[PDB]
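Read through the structure below, which is laid out as structure tokens, and then see the notes.
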Amino acid sequence: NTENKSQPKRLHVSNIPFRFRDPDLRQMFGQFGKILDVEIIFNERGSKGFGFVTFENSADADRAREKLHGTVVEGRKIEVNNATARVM
RNA sequence: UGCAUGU
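Each residue of the first sequence is one higher than the one before, counting from 792 in the numbering used here.
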């Protein structure tokens, strides 16, 4: 064998507080700690209201999505959907 | 800024 059968890939992370960043998601998903990369969608005003993170393959990453999908932070529920990449 | 599948 020459390839990782379980490799992570990326994950849509919505309705987040507009004070969020890339390091904030990588640390907050970092409680579970399966992040390869992060990708906030950003505008000149703030976070644009969602990010992407590189995270999802195993059942523990599914469980982790299902936990942070409804996590109240700064008085706000995050909504962590699975992803397109990127055409639909 | 509450923009909704990508900086």
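For every residue, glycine included, the Cβ atom is placed at its ideal position computed from N, Cα and C.
Here's the rule: buried if 16 or more other CB atoms are within 10 angstroms of the residue's CB, otherwise exposed. What is residue i?
i    : result
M819 : buried
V863 : exposed
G866 : exposed
Using the Cα positions of residue i and residue j, report the straight-line distance between them to the nearest angstrom.
i           : j    : result
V804        : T793 : 31 Å
residue 880 : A874 : The first residue shown for the chain is 792 and the last is 879, placing residue 880 beyond what the model contains.
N872        : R836 : 24 Å
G861        : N806 : 10 Å
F809        : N795 : 35 Å
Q798        : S849 : 8 Å
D853        : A876 : 18 Å
Would residue i pass as a contact of residue j if the rule is Cβ separation under 7 Å?
i    : j    : result
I826 : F811 : no
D851 : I831 : no
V844 : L802 : yes
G840 : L816 : no
Here's a check: name, in chain order, each residue in its chain whose Cβ is nearer than 6 Å to the Cβ of residue i, leaving out the five neighbours to either side.
i    : result
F823 : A855
Ignore the nearest five residues each way along the sequence and tell me which others in residue i's own chain have a CB closer than 7 Å to its CB.
i    : result
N834 : none
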